[PDB]
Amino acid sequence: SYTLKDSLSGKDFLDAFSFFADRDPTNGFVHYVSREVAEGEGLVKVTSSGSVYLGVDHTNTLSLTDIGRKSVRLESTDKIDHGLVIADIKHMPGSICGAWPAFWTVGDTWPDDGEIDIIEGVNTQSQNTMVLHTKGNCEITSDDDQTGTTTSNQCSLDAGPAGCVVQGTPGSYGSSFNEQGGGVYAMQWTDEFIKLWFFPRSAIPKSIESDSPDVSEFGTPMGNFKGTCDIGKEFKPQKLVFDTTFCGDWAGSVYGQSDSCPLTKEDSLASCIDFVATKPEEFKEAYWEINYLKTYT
C-alpha cells in the first residue's frame, strides 16, 4: 500500500505551487498573472470553507489585441514520481465558450517530453478527456478494463498530435461536474500503467476519505493507460499543474463546431477571441475550487 507524502489545502496548497506568469505556451488569449496580482484582483483566494479558488477576470471588457483575459497557472514546486495523486475538486471551469481548463502533469520541457492530462477540455465540452502524450511508441489496449471510451489509442508524439485519448463518462467535466458538487480525481502511476478515476461527490471510496487509500476499492478505472509500452516509464518526475487558458491551439481551432459557440469573425480563433474579450460575465463560472490535493508513495 501507500504512505501519505503531501497533504495540501488552503494557504499551504497555494504555497506549494509557483505561479506561471509568462506568455501561454498554448498560445491562448490569456494573461497569466503572479500570485500577488491574482489575490489583489480576486482571482485567487481561500474560501470560508477552506477550499482554494482559482478564477479568471469576469469583470472587464478587453481589446481584441490584448494579451488576453487574466487567469492563473499553478505548477507544483515539488515533483511527483509514481504513487497516487488524489485531488478533491468542488468546482472546475464550466462548459463555457472559449474556456480551456486543465489539471495535468509536465516535465521540465514541453511539449516534447510528453504529458499526462488528467482533466482537460475546451469550450462547451461536457465529458472529460483524459490524454497521454509519450515520447516512446505506446498503444493503450485496456479499453475492456476501463469505464471511459478510448477515442485514440496511440500515445506517441511521433505517431501523431492527438496522443492517446479516453473520453470520460457523463458528469465528469465542466458544467455537469459542477452542478453535482464535483468529486475526486485520482491517479495511480506505476511502471506499467497510469490509471485515472473520477469519483462523483457522495460516491468517494472510504479509504480515500480516511487518507489510507486502498486501490482495490477504487473499482474500474475511468481511463486505463496500459498497453504495448511500460506507460509509467515514459515520464520523469512531473510537476502538477492547474490552469485555465482561452482559445489558442485547441479551444481556438475547434471553436464553433457542434458547441453552440457563435462564429462572428474571420475564423474560429478570431471568433473565440471576440467571445472571450467581449463577454466577461460569461466567465463567472470559469473557476477551480479545490478542496485538497494529497499525494502518496
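A residue's number is simply how far along the shown sequence it sits, counting from 1.
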{"query": "Residue range whose averaged C-alpha B-factor is higher in the record, 89-97 or 207-215", "finding": "207-215"}
{"query": "Per the entry, higher mean C-alpha B factor between 140-148 and 74-82", "finding": "140-148"}
{"query": "Residue selected from 12, 274, 282, 24 by maximal Cα B factor", "finding": "12"}
{"query": "Highest recorded Cα temperature factor - choice among 258, 244, 51, 61", "finding": "258"}
{"query": "Residue 69 by Cα B-factor - lowest, middle or highest third of the modelled chain", "finding": "lowest"}
{"query": "Assigned third (lowest, middle, highest) for the C-alpha B factor of residue 270", "finding": "middle"}
{"query": "Residue 191 - Cα temperature factor, lowest/middle/highest third of chain", "finding": "middle"}
{"query": "Position of residue 229 among the chain's modelled residues by C-alpha B-factor, lowest, middle or highest third", "finding": "lowest"}
{"query": "Third of the chain, ranked by Cα B-factor, where residue 4 sits", "finding": "highest"}
